[PDB]
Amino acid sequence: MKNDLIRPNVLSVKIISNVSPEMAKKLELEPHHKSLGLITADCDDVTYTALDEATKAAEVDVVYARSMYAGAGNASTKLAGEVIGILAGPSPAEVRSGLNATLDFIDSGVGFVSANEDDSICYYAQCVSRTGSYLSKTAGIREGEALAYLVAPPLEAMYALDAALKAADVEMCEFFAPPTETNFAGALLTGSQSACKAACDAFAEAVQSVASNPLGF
């Protein structure tokens, strides 16, 4: 149903202690990165936000984060979901803390929102009031600055991004050119906290407008 919250789900979580030198080399780990926290979920962008949140809550870095082709609905195995994230830290304790902070955020109430009756169209419009070390890097902005995290299907995203850019004083920092691996699109926008929030609102409304009138132009 419209405006329903699509609940994201963690599918698998694992810890590597004393990561082997070979794997550390290929993941380009730092010298202090001795432990890894692995996580997969059925929603990549919520997970990406949760991972960034973890870097604030613990002494961990996001060293690896990638989405799966064609999304979670097209997963061929149980634990693949549509995202894998890897946190790196100095110890299993810190990594566990990072994963816990990640899990807490994923179940915090954030998520994609339905734009129609059968939830065949959904979107993400999340204001990050204070970015951690991951999403700030990704956006090419200063750590601690705010972001509007906007995601929707390709056409809806392009249409809604333009509405968001017009609704407030925000800069497009990173463009998720369609298709992402999951066949979505969108962007990270930056500005004041209230400006980012203003962008999120305009984005949500614009997506809903397209959903209710796909062929009208």
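In case it trips you up, residue 1 is the first one in the sequence shown, and so on.
- Note on 54 to 62 vs 179 to 187: mean CA B-factor is higher in 54 to 62.
- In this crystal structure, the stretch out of 154 to 162 and 24 to 32 whose C-alpha atoms carry the higher mean B factor is 24 to 32.
- Each of 139, 113, 86, 79 has a CA temperature factor in the record; the biggest one is found at 113.
- Remark: residue 75 belongs to the lowest third of its chain, ranked by C-alpha B-factor as recorded.
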